[PDB]
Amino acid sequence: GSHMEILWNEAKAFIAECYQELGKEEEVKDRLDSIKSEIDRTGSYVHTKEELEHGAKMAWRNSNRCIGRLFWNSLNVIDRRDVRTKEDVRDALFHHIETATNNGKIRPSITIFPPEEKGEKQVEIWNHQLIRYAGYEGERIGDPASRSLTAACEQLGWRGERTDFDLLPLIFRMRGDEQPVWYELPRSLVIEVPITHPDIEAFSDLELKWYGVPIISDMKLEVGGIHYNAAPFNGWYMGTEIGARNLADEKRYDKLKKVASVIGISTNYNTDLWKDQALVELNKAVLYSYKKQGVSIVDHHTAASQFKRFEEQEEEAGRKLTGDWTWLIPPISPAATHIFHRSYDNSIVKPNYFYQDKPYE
């Protein structure tokens, strides 16, 4: 009763806004009549390729926490609403990885899977990111952030070699099944980059490496009232995410003290700012490495610079700019970018991407 109401309201708002940007303002009337009857007949409606394709772009545009929004209208939308089997999902996910990686020249993409019907999911992705390292304990081994999921995967028959860089398998659940299925990722499909330094040879002794493409797979894409709980998307990495966070946080890989060792500085006094010097060399190492292997990556200054350009375009287009200051600023040298020196309206506008409760844990 109330669900059929919210749906209709969100649909009217989205079609109008969408068709207005698409230059199909006259087609709004006839399109809404079709949707009204569809919601009554079934209890939901089916987007057109053009609608979800542009709704996925708009959602990216409204992602307050994303710094790379300047490239919103270039998103490669892959429609996989025709998937029925676990093999279809697996192949789609394999396809996403292959096409997004694009031999290094990363292509920002998103694979749309069937959305929820009567609130129930058709495809449920468990993975945070399609490619991600596992985490274990006795003493820290791997990525701590992957612990709860690594345990869940292991409760399904999967076993990691217990190195710091074990690739978690693809784990998802189809409607009608009680437990998710899993598939080990084909290594030929996964690009990893060993981390080295341009001027410091000893850096390779740290034996650090990271994967090339971050593919957030556990967020909900909401478009015109339709909940696409499964819509894996990807951009390329901003070096800081790997160097100033993934390999730096005490709760993650905690490598700063070790970096200080190989670069030849002491860790005795904070006044020497060894952590800061360590972060700069670790981050330079990351940028130099990806570039060297031919994998797309962006430094935080270029990214902020591109994001400034984004803000201007939104002003030029007549749209209100929204953002989360605390996430837009890079973890390293935030005051060196314009983002630090201004404020952002952190209001939620749809369509968008949202967090959803994890099936495990």
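Don't overthink the numbering: it's just position in the shown sequence, from 1.
Which of the two stretches, 334-342 or 19-27, shows the higher mean Cα temperature factor in the record?
Of 19-27 and 334-342, the stretch with the higher C-alpha B-factor average is 19-27.
Looking at the deposited entry, does 53-61 or 32-40 carry the larger mean Cα B-factor?
Mean B over CA atoms: larger for 32-40.
By the recorded C-alpha temperature factor, relative to the other modelled residues in its chain, which third is residue 292 in?
Its C-alpha B-factor belongs to the highest third of this chain's values.
Quick one: classify residue 132 as lowest, middle or highest third of the chain based on its Cα B-factor.
Residue 132: CA B-factor falls in the middle third of its chain.
Within this chain, which third does the Cα B-factor at residue 90 fall in: lowest, middle or highest?
Tercile = lowest for this residue's CA B-factor.
Going by the recorded CA B-factors, say which third of the chain residue 328 sits in, lowest, middle or highest.
Its C-alpha B-factor, which the entry lists for residue 328, ranks in the highest third among residues of this chain.
Would the CA B-factor of residue 317 place it in the lowest, middle or highest third of its chain?
Within its chain, residue 317 is a highest-third residue by C-alpha B-factor, going by the deposited values.
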